[PDB]
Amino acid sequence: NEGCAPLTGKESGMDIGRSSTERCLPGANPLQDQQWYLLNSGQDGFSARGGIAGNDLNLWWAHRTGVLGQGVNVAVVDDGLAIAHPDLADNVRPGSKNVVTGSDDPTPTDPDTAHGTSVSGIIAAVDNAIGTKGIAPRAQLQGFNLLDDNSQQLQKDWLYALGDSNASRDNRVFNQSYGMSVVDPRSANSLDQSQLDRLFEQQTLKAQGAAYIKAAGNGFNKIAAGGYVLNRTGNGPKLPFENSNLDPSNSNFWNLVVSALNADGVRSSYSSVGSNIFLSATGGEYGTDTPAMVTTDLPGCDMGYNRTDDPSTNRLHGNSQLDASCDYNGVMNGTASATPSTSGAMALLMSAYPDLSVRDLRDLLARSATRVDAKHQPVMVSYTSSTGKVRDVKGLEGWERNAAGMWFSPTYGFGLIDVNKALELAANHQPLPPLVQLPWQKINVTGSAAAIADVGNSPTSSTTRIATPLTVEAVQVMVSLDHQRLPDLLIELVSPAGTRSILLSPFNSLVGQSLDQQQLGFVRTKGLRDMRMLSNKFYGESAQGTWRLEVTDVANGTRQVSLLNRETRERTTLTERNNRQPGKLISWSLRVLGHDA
């Protein structure tokens, strides 16, 4: 709004909050008042209804004081980027690569390949008199179309896009609005993953360090994999199908993993969740019945999510009054929208305080985040043990406060991004000391204590001592075990302070043992083999003392999973048969990442 004047940034008694009398956005972008993620006034985003005011990135004070992402280079590693879009072009810097054609132009040829362009607009749509306003409208973009339908997702291309090349090395934000859904557990130790983890480490920890931002996934209810869609049928507990620790990349620490929030201020229906979520950011729903993300589309009414042959109930689409060339859409969503929301927030902070490290920025975002949905309840799992003890155990936490006073939930991480408050804290921030990565401590488990009984009376437990005084930032765990029905397992970690974190919630999507039995007649997966998980729950706590891993089999009932063949439309039922034998914990390893206070 042109009536929203700049602030000096020094106004005495300024309310920087989500309900401030001073809450407005400068700018003449005609669609910016429908970008609820910038400022949520209960507007509908061209969908059938609006949400609840205040549920946004709380970035209005950044915008009113000229904090706009200037000098910050962002890489969008995605399906493409229409670099000639009128509301993006001014912010495109040299170095994009089309990994399919080899050109410097990652513009898609496929009308539905609008994802990367939509992502890009959330970050950095140009501040002008057309379209939308980016979160960080002075940030500079490159695009690398790794997710183009004709990209084989080659290692050389991942390296090129994610900081290894001359072109991409000087980005300070790497936006990764993508992930891998799995039905069988993976080790994180493969050479391809090790190589990228090493790159991300080097890129994060250098001068002018780069922040990797990563989508948690959209698998609360359903996952898609290799032309099939899977979801649980029945009336099981409301635990995520995709826990965000299932994709091995999401536990690498260098990735800041984000869940999605809707315009009502609660977890977007589809969002994956887990102990490795760092923050919640804006992703919306679908833009049909309720708000999604108004952003830049592939240009023209022949390309993109806003195109003549792909109608939407979103009112912005095919609308000659509001968007005659169909250059914008109102349906962008997902953790793929939470990711650029966070990339943009990061770019704002970096532009305001260019000397701060990635770990400093994480600290500021965590300590300033809003505790949305404060009363949401833990999700309990009920079963009867072999001794007839009826148990009710926590399968997913609500909000909990750790021993260092940090509020955390697996749904929202440290909470919803509050850019204004992060900037308030940044003005007085003192730099964190260097990152210390403690050596992995491996615990091989033997004898009777290794057993994981069906429907256990208590967890199978294993403990190790960390001797080093360290303030925790994150913990990584690798687990190896045998068990015939993996989703029966609840895996939890306990710190020396007694703080608990569920690393893997049960009834997740690791149904591959059942799928293998049905499809093949034999089972490839014996259990977990160095499966990696991360928790943020312990941020700020002392590492010194005993850490305990707990694993429990919490189900003996049958479960069914619906399998959809996307091509044929054939629906199959997969039955998960209870494990006939007890499982066995083989080993686990603990890595503490933190600093010396």
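Numbering starts at 1 and runs along the sequence shown.
- Taking only CA atoms, the mean B-factor in the PDB entry is higher for 385-393 than for the other of 215-223 and 385-393.
- Stretches 304-312 and 155-163 differ in mean CA B factor, with 304-312 having the higher one.
- Residue set 517, 462, 177, 120: peak C-alpha B-factor at 517 (per PDB entry).
- Across 330, 274, 340, 431, the greatest Cα temperature factor reported in the deposited entry is at 431.
- Sort the modelled residues of the chain by CA B factor and residue 283 lands in the lowest third.
- Ranked against the other modelled residues of its chain, the C-alpha B-factor of residue 436 as given in the entry falls in the middle third.
- Ranked by Cα temperature factor within the chain, residue 49 sits in the highest third according to the deposited record.
- Looking at the C-alpha B-factors along this chain, the one for residue 321 belongs to the highest third.
- Placement of the Cα temperature factor of residue 537 within the chain: lowest third of the modelled residues, per the deposited record.
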